[PDB]
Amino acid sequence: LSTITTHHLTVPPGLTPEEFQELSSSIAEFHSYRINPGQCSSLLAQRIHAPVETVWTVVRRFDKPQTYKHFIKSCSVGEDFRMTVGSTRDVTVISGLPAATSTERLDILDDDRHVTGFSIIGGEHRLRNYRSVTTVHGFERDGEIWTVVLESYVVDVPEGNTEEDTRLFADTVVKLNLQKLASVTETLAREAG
């Protein structure tokens, strides 16, 4: 039947053991899921040479995912949008197929603890019933400062797909978007303002 993910028990790629030891409690709290047959789940990590709040200022902008994600043709939130849990956005993904819309709901937004997350609630693409959580974490050593971003998801494996089929695709997309996040926020950090 259902099982618990083990992301919080091993070092994900792109994290050092030292970083993992500081983050294991956060991974248990925010990046653990109860999964069912036909679902898969992964945890990805990205080190960023910028302060936490600089990274968080970009991560938290639910209305502007194109600021750090690839393959976004457009994203609309409509008038009267407030940055509050329950809000939705309509994302049009660059897919090489006829353009549709992924409708996504903001599930979590904690500016104190630097946690956000969302669910895909409709849209006809390769990530059915996708739900993800992103957390942002600060590190220091001898006055030097960096950030780690953790992003996990659960998603349905489509009929005819292997788990590897779906997991490798979703991991690749998340990893590439985190690399964009790292580039964008490192530029913001180096330029101050």
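Under this definition, the rigid core comprises the largest set of C-alpha atoms superposing within 1.5 Å between the forms. Numbering starts at 1 and follows the sequence shown.
Once the structures in 4 other deposited structures of this protein are superposed via the core, the pair 26-34 and 120-128 is resolved in favour of 120-128 as the more displaced stretch (C-alpha RMS). Root-mean-square C-alpha deviation from the shown form, taken over all structures in 4 other deposited structures of this protein superposed by the rigid core, is larger for 95-103 than for the alternative among 95-103 and 110-118.
Mean CA B-factor, 128-136 versus 164-172: the higher value falls on 164-172.
The deposited model assigns a higher average Cα B-factor to 139-147 than to the other stretch when 139-147 and 50-58 are compared. Comparing C-alpha B-factors across 121, 106, 75, 99 in the deposited entry, the largest value falls on 99.
When the modelled residues of the chain are ordered by C-alpha B-factor, residue 95 sits in the highest third.
Compared with the other modelled residues of the chain, the Cα B-factor recorded for residue 26 ranks in the middle third.
The deposited CA B-factor of residue 113 belongs to the middle third of values across its chain. For residue 182, the recorded CA B-factor ranks within the lowest third of the chain. Only modelled residues enter the ranking. When the modelled residues of the chain are ordered by C-alpha B-factor, residue 39 sits in the middle third.
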